[PDB]
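The structure appears below as structure tokens.
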Amino acid sequence: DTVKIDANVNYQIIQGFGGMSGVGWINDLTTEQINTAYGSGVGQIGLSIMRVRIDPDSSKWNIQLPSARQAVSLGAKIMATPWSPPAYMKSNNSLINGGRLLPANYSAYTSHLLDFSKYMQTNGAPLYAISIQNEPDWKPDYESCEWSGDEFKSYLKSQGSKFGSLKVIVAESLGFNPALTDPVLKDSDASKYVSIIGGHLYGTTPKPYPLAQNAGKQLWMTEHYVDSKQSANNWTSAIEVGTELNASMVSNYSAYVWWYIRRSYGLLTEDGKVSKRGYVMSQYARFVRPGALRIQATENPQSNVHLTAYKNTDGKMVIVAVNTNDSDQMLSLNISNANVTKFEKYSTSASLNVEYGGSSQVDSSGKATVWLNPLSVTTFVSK
Ligand SMILES: CO[C@H]1[C@H](O)[C@@H](O)[C@@H](O[C@H]2[C@H](O[C@@H]3CO[C@@H](O)[C@H](O)[C@H]3O)OC[C@@H](O[C@@H]3OC[C@@H](O)[C@H](O)[C@H]3O)[C@@H]2O)O[C@@H]1C(=O)O
């Protein structure tokens, strides 16, 4: 069916696509694995964001450096997340089972975070962004710390000026609950220090967040994975990564960051090879490069077809489509306010890994016909 695209109607900036560097909790990534994940060529994922954890014990920060430094050299932006303050700062004097940061210690906590950022910078892995807390709404039996929306507002008002050019992220709610960040967004003296409203997708689905969007904050989805008991090469499961990416982009998210990059259910399997989940990610990340603008495009042109479109700073128009029908699906493209002459097709499916599948001419009226393979994530790139 018909897909209308208008290159002159723009939505969010895309910062990029990322994953978690897990060293300290799991084995570090290798040099080759970082090249596979952070290159953007054939067979590479195209990640441009790396997340790292801030250990409450500063004697363990060194272990983060080899992977973060290599990612920065490959053009990636590093964001850092703390799971807990040092225990002594907290109401429970424990790293685990939640506990609150004592207000008496807000200045000491800011010094902890900034010490981490200084260590990273001095050692050749400067941070792009830093978060104040992982999942303030979750109190599990591992590193954690409970915060309310009103605590984030107080903290940012008294501490936010110390962060400088670091892009500050709040609140990394487990389910992207606006209650955690609305008090900050409604006060200009807290909100001015914030660059990114970050959130996770556990137990939920992507949704727009207008107050954040209208305040000029980028929305970042800073952590998720799907069914961790599946192999990352199971296609029935991997295609739903595609569904979640499309929904994230439709929800105006500027970034999407997976959990552990290498894992049985990750973007690279333990053999270092790109997984079906990784290839799906790459249908977006190899082609929709940092600084791209999402544009207007018929999102659901026919049952079980979902799509988004973009323009990259170099002019490549890109369309990314998820086909959850078990049949070939035709699209009739009608593009306005562009100068596209042809699209190249690349698909991932049960049998294909970002494989080139043909070219379609785009006529002077902006019309083309393209086809989507059964059960596929397909990218069309203007060239
Ligand atoms: C297959 O096991 C998976 C689990 O299914 C995952 O949930 C994940 O577990 C790890 C957990 O990850 C949290 C996932 O939910 C988010 O809300 C949260 O932000 C994530 O942090 O993190 C803690 C980790 O346990 C630590 O492991 C290292 C050990 O030294 C520490 O003492 C533990 O606290 C937990 O494994 O990932 C699992 C996996 O093995 O991949």
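Chain lettering (A, B, ...) mirrors the order of the structure tokens, residue numbering begins at 1 for each chain separately, and ligand numbering begins at 1 in order of display.
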Sel. of strand (DSSP E or B) residues, region 270-361 of chain A, as a count of residues only: 44
Within 9 Å of ligand 1 (only C-alpha atoms and all ligand atoms), residues as a ChimeraX atom specification: /A:22,24-26,83,96,134-135,138,140-144,172-174,200,202,223-225,227-229,259-260,262-266
Write the selection just made, keeping N, CA, C and O atoms, as a short mmCIF file (atom, residue, chain, number, x, y, z; two decimals), in the first residue's frame?
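part_20.cif was written with the following content:
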data_model
loop_
_atom_site.label_atom_id
_atom_site.label_comp_id
_atom_site.auth_asym_id
_atom_site.auth_seq_id
_atom_site.Cartn_x
_atom_site.Cartn_y
_atom_site.Cartn_z
N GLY A 22 30.08 -4.44 30.10
CA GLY A 22 29.83 -5.09 31.36
C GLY A 22 31.02 -5.47 32.25
O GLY A 22 30.83 -6.04 33.30
N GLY A 24 33.67 -6.04 34.96
CA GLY A 24 33.48 -5.87 36.37
C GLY A 24 32.36 -6.78 36.82
O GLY A 24 32.39 -7.24 37.97
N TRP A 25 31.33 -6.96 35.99
CA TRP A 25 30.25 -7.91 36.27
C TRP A 25 30.33 -9.16 35.41
O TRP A 25 29.96 -10.27 35.83
N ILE A 26 30.75 -8.94 34.15
CA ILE A 26 31.00 -10.01 33.16
C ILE A 26 32.35 -9.77 32.52
O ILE A 26 32.99 -8.78 32.78
N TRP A 83 24.77 2.62 39.87
CA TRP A 83 23.73 1.82 40.47
C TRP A 83 23.54 2.15 41.98
O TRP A 83 22.43 2.11 42.47
N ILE A 96 23.05 -2.35 48.60
CA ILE A 96 21.96 -3.18 48.01
C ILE A 96 20.62 -2.95 48.71
O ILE A 96 20.54 -2.28 49.75
N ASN A 134 20.69 4.70 38.40
CA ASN A 134 19.96 3.61 37.76
C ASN A 134 18.67 3.28 38.45
O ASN A 134 18.67 2.90 39.64
N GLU A 135 17.54 3.26 37.76
CA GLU A 135 16.29 2.70 38.29
C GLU A 135 15.99 3.08 39.78
O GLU A 135 15.86 2.21 40.64
N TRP A 138 13.37 1.03 41.77
CA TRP A 138 13.59 -0.42 41.95
C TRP A 138 14.62 -0.66 43.10
O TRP A 138 15.69 -0.07 43.11
N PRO A 140 16.14 -3.91 44.35
CA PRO A 140 16.53 -5.31 44.32
C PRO A 140 17.71 -5.58 45.25
O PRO A 140 18.24 -4.67 45.89
N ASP A 141 18.08 -6.88 45.32
CA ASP A 141 19.17 -7.30 46.15
C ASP A 141 20.56 -7.20 45.51
O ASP A 141 21.47 -7.84 45.98
N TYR A 142 20.73 -6.32 44.53
CA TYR A 142 21.98 -5.93 44.00
C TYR A 142 22.10 -4.39 44.06
O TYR A 142 21.19 -3.74 44.57
N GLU A 143 23.21 -3.81 43.57
CA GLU A 143 23.47 -2.37 43.73
C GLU A 143 22.25 -1.56 43.29
O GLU A 143 21.77 -1.71 42.16
N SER A 144 21.82 -0.66 44.13
CA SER A 144 20.54 0.08 43.92
C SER A 144 20.45 1.23 44.88
O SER A 144 21.16 1.28 45.90
N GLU A 172 16.36 7.46 34.59
CA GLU A 172 16.47 6.05 34.31
C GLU A 172 15.45 5.18 35.06
O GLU A 172 15.76 4.10 35.55
N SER A 173 14.21 5.69 35.15
CA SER A 173 13.10 4.88 35.62
C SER A 173 13.07 3.51 34.98
O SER A 173 13.18 3.43 33.70
N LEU A 174 12.78 2.45 35.71
CA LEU A 174 12.77 1.09 35.19
C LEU A 174 11.77 0.91 34.04
O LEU A 174 12.00 0.07 33.15
N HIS A 200 14.16 3.24 30.97
CA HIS A 200 14.22 1.84 30.57
C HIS A 200 12.79 1.39 30.19
O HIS A 200 11.80 2.06 30.46
N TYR A 202 11.45 -1.90 30.97
CA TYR A 202 11.05 -3.13 31.64
C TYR A 202 9.55 -3.11 32.00
O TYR A 202 9.06 -2.16 32.62
N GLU A 223 18.50 1.49 28.63
CA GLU A 223 18.71 0.05 28.89
C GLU A 223 17.46 -0.75 28.63
O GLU A 223 16.40 -0.53 29.20
N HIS A 224 17.60 -1.79 27.77
CA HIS A 224 16.60 -2.84 27.69
C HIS A 224 17.26 -4.07 27.03
O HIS A 224 18.28 -3.96 26.38
N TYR A 225 16.60 -5.18 27.16
CA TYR A 225 16.80 -6.40 26.33
C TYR A 225 15.44 -7.08 26.26
O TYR A 225 14.55 -6.83 27.11
N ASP A 227 13.43 -11.08 25.95
CA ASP A 227 13.55 -12.44 26.43
C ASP A 227 14.94 -12.99 26.51
O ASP A 227 15.42 -13.57 25.49
N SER A 228 15.56 -12.91 27.69
CA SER A 228 16.93 -13.33 27.86
C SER A 228 17.10 -14.87 27.83
O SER A 228 18.25 -15.32 27.84
N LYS A 229 16.03 -15.65 27.89
CA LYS A 229 16.19 -17.11 27.72
C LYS A 229 16.28 -17.58 26.27
O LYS A 229 16.59 -18.76 26.02
N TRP A 259 21.24 -3.65 26.64
CA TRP A 259 22.05 -4.23 27.78
C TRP A 259 23.35 -4.83 27.24
O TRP A 259 23.89 -4.31 26.22
N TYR A 260 23.91 -5.85 27.88
CA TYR A 260 25.24 -6.34 27.53
C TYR A 260 25.38 -6.56 26.02
O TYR A 260 24.59 -7.31 25.42
N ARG A 262 27.82 -8.32 24.36
CA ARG A 262 28.10 -9.74 24.14
C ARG A 262 27.48 -10.59 25.18
O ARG A 262 27.78 -10.42 26.39
N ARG A 263 26.60 -11.46 24.76
CA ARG A 263 25.89 -12.37 25.66
C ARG A 263 25.10 -13.36 24.86
O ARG A 263 24.89 -13.15 23.66
N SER A 264 24.65 -14.45 25.46
CA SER A 264 23.90 -15.45 24.70
C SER A 264 22.69 -14.89 24.05
O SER A 264 22.25 -15.38 22.98
N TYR A 265 22.12 -13.84 24.67
CA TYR A 265 20.92 -13.16 24.19
C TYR A 265 21.23 -11.72 23.69
O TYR A 265 20.33 -10.88 23.48
N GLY A 266 22.50 -11.44 23.45
CA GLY A 266 22.94 -10.13 23.12
C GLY A 266 23.12 -9.83 21.62
O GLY A 266 22.65 -10.58 20.75
#
DSSP helix (DSSP H, G or I) residues within region 275-315 of chain A, as JSON, numbers by chain: {"A": [276, 277, 278, 279, 280, 281, 282, 283, 284, 285]}
Keeping only C-alpha atoms, write the selected residues to a file as a compact mmCIF listing (two decimals), in the first residue's frame.
# COMPACT_ATOMS: atom_id res chain seq x y z
CA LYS A 276 20.26 -11.90 14.58
CA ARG A 277 19.45 -9.32 17.31
CA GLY A 278 22.68 -7.47 16.38
CA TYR A 279 21.85 -7.53 12.68
CA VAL A 280 18.42 -6.08 13.41
CA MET A 281 20.06 -3.31 15.44
CA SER A 282 22.41 -2.67 12.49
CA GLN A 283 19.48 -2.20 10.05
CA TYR A 284 19.01 1.04 12.01
CA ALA A 285 22.53 1.78 13.29
Straight-line distance linking CA of residue 315 (chain A) with CA of residue 358 (chain A), stated in Å to one decimal: 20.4 Å
Contacts of residue 355 (chain A) at 10 Å (only C-alpha atoms; same-chain gap of 6+ positions) as a list in words: residues 42, 43, 345, 346, 347, 348, 349, 378 and 379 of chain A
